[PDB]
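The lines below spell out each chain.
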Amino acid sequence: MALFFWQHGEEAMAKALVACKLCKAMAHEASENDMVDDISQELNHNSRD
Amino acid sequence: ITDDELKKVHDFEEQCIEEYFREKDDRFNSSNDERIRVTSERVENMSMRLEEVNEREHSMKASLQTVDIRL
Amino acid sequence: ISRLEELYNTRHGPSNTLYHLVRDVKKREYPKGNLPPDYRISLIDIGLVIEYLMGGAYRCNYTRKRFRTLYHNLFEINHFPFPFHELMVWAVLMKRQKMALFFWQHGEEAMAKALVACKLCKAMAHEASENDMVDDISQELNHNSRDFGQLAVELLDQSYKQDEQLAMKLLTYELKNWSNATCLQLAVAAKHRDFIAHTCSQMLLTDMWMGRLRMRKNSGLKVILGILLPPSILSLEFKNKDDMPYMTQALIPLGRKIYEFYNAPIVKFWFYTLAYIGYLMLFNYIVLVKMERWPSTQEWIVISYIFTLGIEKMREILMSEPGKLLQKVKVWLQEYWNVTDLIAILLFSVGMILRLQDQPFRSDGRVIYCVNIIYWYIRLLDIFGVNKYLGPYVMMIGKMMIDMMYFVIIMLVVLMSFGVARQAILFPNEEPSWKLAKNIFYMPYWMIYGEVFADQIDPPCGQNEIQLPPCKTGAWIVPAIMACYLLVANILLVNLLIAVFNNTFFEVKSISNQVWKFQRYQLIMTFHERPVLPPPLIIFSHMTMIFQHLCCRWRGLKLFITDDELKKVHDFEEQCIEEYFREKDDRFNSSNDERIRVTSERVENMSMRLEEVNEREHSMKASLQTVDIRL
Amino acid sequence: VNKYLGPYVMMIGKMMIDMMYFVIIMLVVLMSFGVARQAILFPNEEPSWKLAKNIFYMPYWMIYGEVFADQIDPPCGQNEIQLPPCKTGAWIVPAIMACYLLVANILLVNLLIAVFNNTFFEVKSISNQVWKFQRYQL
Ligand SMILES: CC(C)CCC[C@@H](C)[C@H]1CC[C@H]2[C@@H]3CC=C4C[C@@H](OC(=O)CCC(=O)O)CC[C@]4(C)[C@H]3CC[C@]12C
Ligand SMILES: CC(C)CCC[C@@H](C)[C@H]1CC[C@H]2[C@@H]3CC=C4C[C@@H](OC(=O)CCC(=O)O)CC[C@]4(C)[C@H]3CC[C@]12C
Ligand SMILES: CC(C)CCC[C@@H](C)[C@H]1CC[C@H]2[C@@H]3CC=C4C[C@@H](OC(=O)CCC(=O)O)CC[C@]4(C)[C@H]3CC[C@]12C
Ligand SMILES: CC(C)CCC[C@@H](C)[C@H]1CC[C@H]2[C@@H]3CC=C4C[C@@H](OC(=O)CCC(=O)O)CC[C@]4(C)[C@H]3CC[C@]12C
Ligand SMILES: CC(C)CCC[C@@H](C)[C@H]1CC[C@H]2[C@@H]3CC=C4C[C@@H](OC(=O)CCC(=O)O)CC[C@]4(C)[C@H]3CC[C@]12C
Ligand SMILES: CC(C)CCC[C@@H](C)[C@H]1CC[C@H]2[C@@H]3CC=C4C[C@@H](OC(=O)CCC(=O)O)CC[C@]4(C)[C@H]3CC[C@]12C
Ligand SMILES: CC(C)CCC[C@@H](C)[C@H]1CC[C@H]2[C@@H]3CC=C4C[C@@H](OC(=O)CCC(=O)O)CC[C@]4(C)[C@H]3CC[C@]12C
Ligand SMILES: CC(C)CCC[C@@H](C)[C@H]1CC[C@H]2[C@@H]3CC=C4C[C@@H](OC(=O)CCC(=O)O)CC[C@]4(C)[C@H]3CC[C@]12C
Ligand SMILES: CC(C)CCC[C@@H](C)[C@H]1CC[C@H]2[C@@H]3CC=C4C[C@@H](OC(=O)CCC(=O)O)CC[C@]4(C)[C@H]3CC[C@]12C
Ligand SMILES: CC(C)CCC[C@@H](C)[C@H]1CC[C@H]2[C@@H]3CC=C4C[C@@H](OC(=O)CCC(=O)O)CC[C@]4(C)[C@H]3CC[C@]12C
Ligand SMILES: CC(C)CCC[C@@H](C)[C@H]1CC[C@H]2[C@@H]3CC=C4C[C@@H](OC(=O)CCC(=O)O)CC[C@]4(C)[C@H]3CC[C@]12C
Ligand SMILES: CCC1(c2ccccc2)C(=O)NCNC1=O
């Protein structure tokens, strides 16, 4: 859904960089709060995408 | 930058998004794996339509032989 | 039973090494010898064969008293409840790989069957290499072991993909048809390194490590703060009462919190580590400071540590897997650290007995203490082996010693040649004395490490400065051969060992990572079975257990799941097998090679049918032309 | 700020973490040889803080080409001026010296050479990207 919404609308570069920041931040927060490690890996993958 | 240049960079960003998406589509359509898959499938269908063509050609040959026998 | 005995006694099909295994277990059981040619191999002997190959405390269902009673009374009671299991074992034993792979797909408990097959294949490969058979048989058996291991790894991947918790239940549940074992225990008994180093089993081992503590964030430090400060335990977050209870045998909240904390294996390990570090500094204090006639309080604490640790090592020997004590010792000798610990305990006992006497034996006991202090420092590498960076480093050093040994041998040859040449030129009138070997080995060995002994390279002699003693004949060869020795030592051999250590780095690093991830299980289950109290206070837990044993005489961390959950894990295991097989079929059908081949063929046929179509179209065109000419 | 020296400093920064484990194993082996040598060669010492200095002093300089050749195997228990008598078990002091000098100078340093070389390429690429990243911060 995020990749679909990235295509539509303006300011796609800032939207992509903000999404990469948010994904890395929630990956770090999920690793810090002792959640499932697969969630942190998938959030890091979304940040890299 | 101003509203005018904002409109310009928004147009630039949309051209960049369309060019990137359809260049990815061109790369995917020209890869060896997708070409082999599309071919394989196309070939699969061909044979099936040509087997139908062979059966209908046998029927047409039998009809032509019967018409030649009648006349 | 009779049909399976006839299957085990067949002579058709490919060759096998089963007869050698039956001969070896018959020679071991009744020390006879070679079997008669007309020998009918009973399934009891197959049971002993399975027990010998699987090793440890494995007890095949054939050798149990129920099956021997059924055998004595008969040679649906004679029908096997799980026939695919015995068929699988039959196939794996007589080296029919495709039949075993077919029987792996059909039936339940496919994971335990695959791990047992990998164990059996590796064991017969080792036995075929030991008995000097054909090496191709050993290679093919190792290939079959690796194929069954890859099957189990892919099944584990599918179980982790579908549902996590029921996959843990698959990994932990007791296998009644496999000597009451566990899939994890079978993956460790078969030395399956890829199975244990998988991320699911690693986090299972991490969950097993932490006991009943949630924690998992900056771990180790809060464990140490709980150890050193007993009122720091109540601030730690504790897991639920029923969230993952791995056990072996299936006010008050404060006492439950204390009991759950102090029985956690990480807390028990850090207890043992702090007690060990305290013992090491108490050993340092008694060896640096002078020793009186009687031992001090610190020496008494060190002696108490050594002897309680010795009784604890004897406890690890007695509470082991086999039933016969020689096999218990043979199992315990696999861990080399335990053997060197026992040797160090005996050496400290000899040193203490020599120290408690008078001179000149007290100094000898002090010296034996000073040699033991070296090993008790070196044991900190195994203590640090629990770390995810230091453990593989220690394993890597272990691999690198074997590469160093050949350098040591070539080094010894060149060093001994230069030592013999220098001592035999510069000293031409010596007498038979043991100082000649010391003069051979002394100077060249320190020549390696930056000390060339510059005062004695080419000393000025045969001149008056005080008159120097005359020159020994041929002494000028002593510098020149020195030059050669210093080159081959310092620029050739050390640089070659640098290249050896660097080129064997990557493979040894990956193997050290997998072996550390494998022996994490061994660390966890050894430290779960250990008593709560540290080694200096372990005598209390030991008398406690001795009194409990006497009271009982007067009167694997599994899950022990039920028939219902057994049905659930069997359904899960069948979904995993079907998903893995048809995902392999999807991968094979979507590969480029198979698509190109299927196309090529389809095209081949097309042309042939279209050539027939062209000929029939020519015939139809001729018929239409004739019909148009007629009308 | 330089395009050659900056990644070199970042690379040294990465290499310190690889050095730390060598330092730990080095500390264990060095402390064992220091305790053994001080506790054999000095059997009548008193509680004093010089014992730790004698533990840490000689083995650490033994790593860097100074084996202290005058004090490896000093001649004693003989008349030359009469030398003081031999300490008991002093012949173990050279032999364990041999082992310590091997594991220090041919095993551990060569292993750290291999560690630094095998982690060179990835750390070099990461140092290049981190330098190019922190150019903005500069
Ligand atoms: C679990 C680990 C990380 C910490 C626990 C170990 C320390 C608390 C121990 C180990 C060595 C001990 C020392 C060993 C020897 C001595 C000499 C001892 O002095 C004497 O016996 C003579 C002088 C006097 O009686 O005061 C005083 C205690 C002290 C410093 C000890 C203090 C406590 C130490 C530091
Ligand atoms: C279990 C061990 C390995 C680690 C935990 C540390 C403490 C529980 C122990 C170990 C060393 C012990 C010390 C060793 C030596 C001494 C010297 C001792 O001094 C005397 O006995 C001198 C006076 C006299 O002669 O009566 C007093 C106890 C003390 C400080 C001990 C206090 C308790 C310590 C710190
Ligand atoms: C103070 C002087 C005498 C120097 C002491 C040198 C040796 C007594 C030490 C130094 C480094 C040690 C090695 C460091 C690493 C390892 C790997 C480790 O091996 C394993 O973990 C595999 C064995 C197993 O656990 O089954 C322990 C043995 C070994 C070779 C050690 C053997 C003893 C060594 C050679
Ligand atoms: C990598 C390979 C080639 C290493 C091989 C070296 C060792 C076999 C040599 C090198 C230095 C030798 C030691 C040098 C000096 C001594 C002291 C010597 O002590 C005595 O003779 C007692 C009286 C005295 O000290 O004068 C006993 C032999 C020993 C330990 C030697 C034993 C053999 C050693 C360890
Ligand atoms: C070929 C390589 C692999 C090994 C070479 C080993 C040498 C270093 C050994 C083997 C024979 C040894 C000799 C065999 C016999 C003796 C007599 C022995 O005489 C005594 O002990 C007499 C009483 C005394 O003075 O103690 C002194 C050592 C010596 C010269 C040995 C010195 C060391 C030698 C030359
Ligand atoms: C694979 C490598 C590491 C094996 C190396 C083995 C040998 C090279 C070592 C092991 C035992 C050593 C011996 C142990 C004890 C002695 C007694 C020592 O005797 C003296 O020094 C006599 C007193 C004196 O006059 O100094 C001479 C060296 C020698 C033969 C050593 C020579 C070197 C030896 C044969
Ligand atoms: C890797 C390359 C660069 C090595 C080249 C080094 C050699 C060519 C040199 C280094 C040390 C030299 C030796 C140093 C000392 C002497 C003793 C010297 O003896 C005498 O003059 C006899 C009387 C006396 O000893 O005073 C004869 C030459 C020689 C063997 C030299 C020969 C040439 C050597 C072997
Ligand atoms: C004169 C004697 C006391 C020797 C001095 C040794 C140390 C004080 C120096 C020598 C090399 C230095 C290191 C060289 C390179 C780096 C990388 C550099 O790290 C970074 O750029 C990352 C940190 C950041 O900027 O966020 C600065 C720290 C460090 C580890 C340095 C830390 C301090 C070290 C160990
Ligand atoms: C890679 C790892 C294993 C390195 C570990 C080595 C250090 C922990 C050691 C090695 C040399 C030691 C030093 C050697 C000598 C001294 C002088 C000493 O000074 C005094 O005692 C003052 C009076 C005097 O100088 O006599 C104080 C300790 C110190 C700095 C020592 C502190 C600890 C050091 C730095
Ligand atoms: C196990 C490894 C990781 C660490 C080992 C550390 C040792 C090198 C330490 C720990 C205990 C220390 C001892 C603890 C107590 C004392 C008493 C202390 O006595 C005094 O200070 C008395 C007054 C004076 O003479 O200054 C002298 C140092 C000493 C022997 C310490 C020397 C250094 C020791 C052996
Ligand atoms: C990861 C690595 C680098 C950590 C290394 C830490 C220790 C090995 C160092 C850090 C602080 C050092 C201590 C700092 C100061 C001293 C006092 C010093 O005291 C004296 O020399 C007393 C005066 C004299 O009689 O010489 C003895 C060494 C010692 C204990 C040092 C021993 C080595 C220590 C414990
Ligand atoms: C002596 C070392 C140790 C130990 C401690 C921590 C980790 C591993 C081993 C112990 O203190 N007692 C039981 N077993 C042992 O060998």
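In case you missed it, the structure is sitting above this.
Let's shift gears to the overall build of chain A. Within chain A, the secondary structure is distributed over 3 helices and 0 strands. Moving toward the C terminus, one meets the helices and strands of chain A in the order α-α-α. Here the C-alpha coordinates of chain A stretch approximately 35 × 15 × 15 Å along the principal axes.

The number of helices and strands found in chain B is 2 helices and 0 strands. What you see for chain B is a C-alpha radius of gyration of 27 Å, clearly larger than the 11 Å of a compact globule of 71 residues, by over 25%. Reported as C-alpha extents along the three principal axes, the dimensions of chain B are approximately 90 × 30 × 10 Å.

All names here are of chain C. One salt bridge connects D207 with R216, and the closest N-O pair in it is separated by 2.3 Å. Across the pair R362 and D358 runs a salt bridge, and its minimum N-O distance is 3.5 Å. One network of salt bridges, with partners in common, ties together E312, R315, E316 and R530.

Residue and element names in this part refer to chain C. When the centroid spacing of 5.8 Å and the interplanar angle of 45° are considered together, the rings of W209 and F269 count as tilted. On the numbers, 5.8 Å between centres and 70° between planes, the contact of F283 with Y369 is edge-to-face. Remark: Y369 occurs in helix α19 (residues 362–378) and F283 occurs in helix α15 (residues 265–288); sequence separation between them is 86 residues. Each residue in the set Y276, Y279, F283, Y305, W337, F348, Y369, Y375 and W376 is aromatic and connected to the rest through ring pairs, giving one cluster. Directly above the aromatic system of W294 lies the positively charged group of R293, at a separation of 4.3 Å from the ring centroid.

What follows concerns unusual backbone geometry. In this structure, the amide linkage connecting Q359 of chain C to the following residue, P360 of chain C, adopts the cis form with an omega of 0°. In this fold, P360 of chain C is placed in the loop between α18 (336–355) and α19. A positive phi angle, close to 50°, is found at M215 of chain C, a residue other than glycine. For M215 of chain C, the position within the fold is in the loop between α12 (199–209) and α13 (221–228). Positive phi, close to 55°, is recorded for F68 of chain D, a residue that is not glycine. Position of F68 of chain D relative to the elements: it lies in the loop between α2 (50–62) and α3 (92–118).

Here 4 pairs of chains make contact, and the pair sharing the most contacts is chains C and D. One thing to see here is that chain A and chain D don't touch, and their nearest C-alpha atoms sit 15 Å from each other.

Listed by partner, the interface residues are 44 residues for chain C and 47 residues for chain D. Taken together, the residues of the side of chain C that touches chain D break down into 35 nonpolar, 4 polar and 5 charged.

Residue and element names in this part refer to chain C. Running from N to C, helix α9 (residues 164–172) and α12 cross one another at 80°; their axes reach a closest spacing of 11 Å. With respect to their mutual orientation, α9 and α12 come out roughly perpendicular. Two secondary-structure elements touch here, α9 through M168, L171 and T172 and α12 through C200, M203 and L204. Of the residues contributing to the contact of α9 with α12, the split by class is 5 nonpolar, 1 polar and no charged.

Attention now goes to the side chain of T63 of chain C. Mapping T63 of chain C onto the fold places it in the loop between α3 (43–54) and α4 (65–72). Excluding residues within four positions of it along the chain, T63 of chain C makes contact with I44, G47, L48, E51 and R68 of chain C.

Attention now goes to the side chain of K119 of chain C. All names here are of chain C. Here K119 shows up in helix α7 (residues 110–130). Among the polar contacts made by the side chain of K119, one reaches the main-chain carbonyl oxygen of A189 at a distance of 3.0 Å. The contact partners of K119, leaving out residues within four places of it in the chain, are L53, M54, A189 and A190.

Looking now at the environment of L566 of chain C. Residue and element names in this part refer to chain C. Here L566 is to be found in helix α26 (residues 563–589). The sequence separation of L566 and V627 amounts to 61 residues, and the corresponding C-alpha distance is 78 Å. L566 has contacts with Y173 and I561, leaving out every residue within four places of it along the chain.

What counts and how
Residues numbered from 1 in each chain as written, not as in the entry; some residues may be left out. Chains lettered and ligands numbered in written order. Part of a larger assembly, values for the part shown. Heavy atoms only, no water. Residues with missing side-chain atoms left out of burial classes, pairs and counts. Helix = DSSP H or I, 4+ residues; strand = E, 2+ residues; numbered from the N terminus. Rg over C-alpha atoms; globule rule 2.2 N^0.38 Å. Salt bridge = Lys/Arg side-chain N within 4 Å of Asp/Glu carboxyl O. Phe/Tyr/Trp six-rings, centres within 6.5 Å; stacked < 30°, edge-to-face > 60°. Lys NZ or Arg CZ within 6 Å of the ring centre and 35° of its normal. Contact = heavy atoms within 4.5 Å. Nonpolar A, V, L, I, M, F, W, Y, C, P; charged D, E, K, R; others polar. Axes fitted to C-alpha atoms, helices over the stretch in contact; angles between N-to-C directions. Parallel < 35°, antiparallel > 145°, perpendicular 65-115°, else oblique. Polar contact = N/O pair within 3.5 Å; in protein donor to acceptor, adjacent residues only side chain to side chain.

Functional significance is not addressed by these values, which are geometric in nature.
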